[PDB]
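In: Based on what follows, work out the 3D shape:
(chains A, B, C, D, E, F, G and H)
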Amino acid sequence: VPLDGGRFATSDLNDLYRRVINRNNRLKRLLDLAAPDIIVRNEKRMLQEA
Amino acid sequence: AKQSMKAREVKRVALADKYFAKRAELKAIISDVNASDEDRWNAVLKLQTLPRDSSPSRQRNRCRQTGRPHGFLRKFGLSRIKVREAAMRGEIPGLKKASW
Amino acid sequence: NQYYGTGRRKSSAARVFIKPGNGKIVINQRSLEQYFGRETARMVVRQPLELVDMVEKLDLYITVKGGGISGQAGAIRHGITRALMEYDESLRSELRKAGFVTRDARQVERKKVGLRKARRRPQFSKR
Amino acid sequence: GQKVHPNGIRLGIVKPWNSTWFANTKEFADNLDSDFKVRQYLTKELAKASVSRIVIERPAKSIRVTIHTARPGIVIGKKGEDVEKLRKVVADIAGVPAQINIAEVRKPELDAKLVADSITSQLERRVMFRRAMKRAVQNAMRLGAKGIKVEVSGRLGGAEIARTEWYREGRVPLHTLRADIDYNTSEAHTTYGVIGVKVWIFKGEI
Amino acid sequence: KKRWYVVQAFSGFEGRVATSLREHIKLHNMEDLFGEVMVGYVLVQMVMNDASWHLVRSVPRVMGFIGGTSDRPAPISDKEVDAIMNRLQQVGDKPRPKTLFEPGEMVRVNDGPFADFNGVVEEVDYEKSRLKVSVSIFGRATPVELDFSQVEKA
Amino acid sequence: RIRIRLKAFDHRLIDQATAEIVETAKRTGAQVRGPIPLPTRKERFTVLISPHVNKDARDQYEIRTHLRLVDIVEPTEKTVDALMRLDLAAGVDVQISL
Amino acid sequence: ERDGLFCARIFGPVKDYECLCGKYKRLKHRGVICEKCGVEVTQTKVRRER
RNA sequence: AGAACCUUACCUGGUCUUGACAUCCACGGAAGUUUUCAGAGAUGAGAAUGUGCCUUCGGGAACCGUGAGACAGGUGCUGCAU
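Out: Residues are numbered from 1 along each chain as shown, chains lettered A, B, ... in the order given. Below you will find the coordinate block:
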């Protein structure tokens, strides 16, 4: 829901879900053209922490 | 019309669909100007070890119904007899005894 | 203003635009003389004019396209005679008394089957 | 022999085609051969069913048969059961989904195809050919047909020299192209040889 | 011999990290210890001394190397680094050039009235940035022109 | 804006069917160029009729395919679906190029 | 968004019985998934349970 | 309305016979694919690989072969049986 002004005051769970989906899309891209082990280990580790 | 000669036609379209359009490349550009040495000369040797079938010139284009080799029509796939008996029935769309 | 008559001889299609003015003939951005004006009895491009309007105080703008020479020469002639529409049957009557108004509908024949040239049959022998 | 086919001369005039679809040059042949496959397979198994004509439509990668019979209750079985026993096999040969339609003819003695099988079925059941022929002429004029002409030719009667006898009634004008003359041909494998039946039915003047 | 290593930067300031890295090299003049710098990850041709490691981590807006451990960080598996770099480059063309190119290839429509339909691209127009694909409407493949972003590759 | 090129074998059908393809458009899009006929392709096949000798008895055949154009004016989404998705008359080809 | 954190087809229509924009603005066909943008056709509290 | 082989039915020679083409039976193997030698080729001997679909899995049948008899095949004859 927005506030008086109009800027949407967004919840915290939308930040969490949007982070997990951004990282998951990056990791899938790192499965198609993909990239070396160290890269996908950091990518999966950032998804785990997300 | 000689059911063996119908069966000899149906095996030739299979070999033309397994080898050639895929192994006509050996004659396509490997018989064109490049390193035209024994690399080319091997490829001119290497397409005779393919069967004597599987080239599209071996195909006869017999009738689809009667298998008659002469009198074929490459719009319908029938012979000239089987197109006329069908057309006067109304098995072939938009066709009639016309005159101009 | 501006007047018209078509003419359609022998699968050639003429567009004759008649207007009073000069006495020139323009045929498809060529003059008459350079198009076929030294060729093969051109008289039919003027045969209605030397019949009635000897003065020829009207310039002809002709654009014909289509088939051969004499048919194009004839389709012009049927075009001009139909283009005397403001100068009508007061003087198009004497046009009909010299023919001159028919399409001359005479197409070539279609080659029939069996034969060779739509009437010429290929030389049978009795034995 | 010397007469033109009465239906094939009238396709653009009165009688519609028995197969109406468009196809370009690339797909004209394999439509036509699959169209032949539905016609030979249906009459392969609808021999009891008294089937006259099978019209074919193709709406954009679809096949739509339309079967004209005089026994619509037999082909459906009960509640359209054996219709989709025919749909299963015509989906095989055509490769696309298949909607099946059916329209009855309540006057089977008025179309050329069924009066042929009113004759050509009996001739192998050792009926005298003049009896089956003349009954077919009487049956059509009884039911109000404006013309009828039926011809049988072959080794009929168990002879050795073939004949060609024919019976007619009323008006059957084969040069008046306004006429919707129904014409159909059939054959009869007897013991001595085949018998060709040719029946013309003149329905109306326009 | 100089082997490759992977550096993590603040994602978005990557060109500025690369420029500051080249400048720190030419400041602390360990010129014989760095080969190149390739472009959120920065590829560095390097050798491993602890001095050069402190140099790269003293470059600003750099988190650290990515490897098995932080004592002796790990060179480069280069399993699909080229393909990742290829994607980065392709993206440019894929967006800017948007070369609509497909034949007999099936595509997917998610825009206009043809949304939620698939079809094949009989003709392609990279110059006009338009794909010629027909969508089976009532069975009839309705050949329509859709943009690369208007349809998805199938 | 959108070329509508449609082909069929029957002239009384293709020209009947072009009346409603603009009636489903001028009801909503309210601007069409106009029904444009196109010169028909007549393919002839004249071929023998006997199963043997007498190569003088032939029967001339001809299959006439026609083409029509209407080339609708307005590319508003409503009109697009009322033509692209709404195709009628089985046995009539219709192909569109936007 | 077409298919984002806050989708239409995956969850439901924001407005009650309104599909999306130009489709179903009365009470007759509740359910038809319009082509303009894939969307469910239900009430306003249907997204709270999905 | 189109024979270099093909077509092709003719000829020499090399071959196989329940058969190249259909239905049926019993077995065994997914089917398929790659490649080598011997051979004029047909074929013969292989050598590798694949090992999918429905499940009562003691499965069955899309599919390749081997054996079974029904049969299949005939552009063989007679247009003066049709």
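
In: any idea how far the residue of chain F found nearest chain A is from chain B?
Out: Residue nearest to chain A within chain F: residue F:77 (29.0 Å; CB to the nearest CB). All C-beta atoms are positioned from the backbone trio N, CA, C, and that covers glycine. Residue F:77 sits 35 Å away from chain B, going by CB to the nearest CB, to the nearest Å.

In: list the contacts for the closest residue to that residue other than its chain neighbours?
Out: Nearest in space to residue F:77, with sequence neighbours left out and distances taken as CB to CB, 6 or more residues apart in numbering or on different chains, is residue E:113 at 5.6 Å. Residue E:113 makes contact with F:77, F:80, F:81, F:84, F:85, G:35, G:36 under the criterion CB atoms under 8 Å, 6 or more residues apart in numbering or on different chains.

In: Checking my notes, residue E:113 in a strand, right?
Out: No - the assignment for residue E:113, made by DSSP: H, G, I helix; E, B strand; the rest coil, is helix rather than a strand.

In: Domain map for chain D?
Out: Here the domain parsing of chain D from CATH domains of a matching chain is D:16-106, D:107-206.

In: The closest residue to chain E within chain C - nearest residue in space that isn't next to it in sequence?
Out: Closest to chain E within chain C is residue C:65: 34.4 Å, counting by CB to the nearest CB. Spatial nearest neighbour of residue C:65, chain neighbours left out: residue C:13 (6.2 Å); criterion: CB to CB, 6+ apart.

In: which residues touch residue E:86?
Out: Contacts here follow CB under 8 Å, 6+ apart; on that basis residue E:86 touches residue A:33.

In: Where does it sit, in terms of helix or strand?
Out: helix E:81-93 (DSSP states H and E).

In: Buried only: go through the contacts of residue E:113 for me.
Out: Using 16 or more other CB atoms under 10 Å in any protein chain shown as the burial test, the contacts of residue E:113 include F:80, F:81, F:84, F:85, G:35, G:36 as buried.

In: From residue D:9, how far off is the residue of chain C found nearest chain D?
Out: Distances between chain C and chain D by CB to the nearest CB are smallest at residue C:113, namely 15.5 Å. Using CB to CB, to the nearest Å, residue C:113 is found at 17 Å from residue D:9.

In: With neighbour numbers in mind, choose between the two.
Out: residue D:9 (19 against 12; other CB atoms under 10 Å in any protein chain shown).

In: pretty sure that one is touching residue D:177, no?
Out: Yes - using CB atoms under 8 Å, residue D:9 is in contact with residue D:177, at 6.8 Å.

In: Give me the neighbour count for the residue of chain F found nearest chain D.
Out: Closest to chain D within chain F is residue F:90: 3.7 Å, counting by CB to the nearest CB. Counted with other CB under 10 Å, residues neighbouring residue F:90 total 17.

In: Looks to me like it is in a helix.
Out: No - under three-state DSSP, residue F:90 falls outside any helix and is assigned coil.

In: before we move on, which element is the nearest residue to it once chain neighbours are set aside in?
Out: What sits nearest to residue F:90 in space, not counting adjacent residues and going by CB to CB, 6+ apart, is residue D:59, at 3.7 Å. Under the criterion of DSSP H and E, residue D:59 resides outside all helices and strands.

In: Strands along chain E, start to end?
Out: E:3-9, E:34-38, E:41-46, E:62-65, E:105-109, E:117-125, E:130-137, E:140-146, E:151-153 (DSSP state E).

In: typo on my end, chain B
Out: Going by DSSP E, chain B shows strands at B:95-97.

In: Next one: the most centrally placed residue in chain G from chain C, what distance?
Out: With distances taken as CA atoms, centre = their mean, residue G:13 lies nearest the centre of chain G, 2.7 Å away. Taking CB to the nearest CB as the measure, residue G:13 falls 63 Å from chain C.
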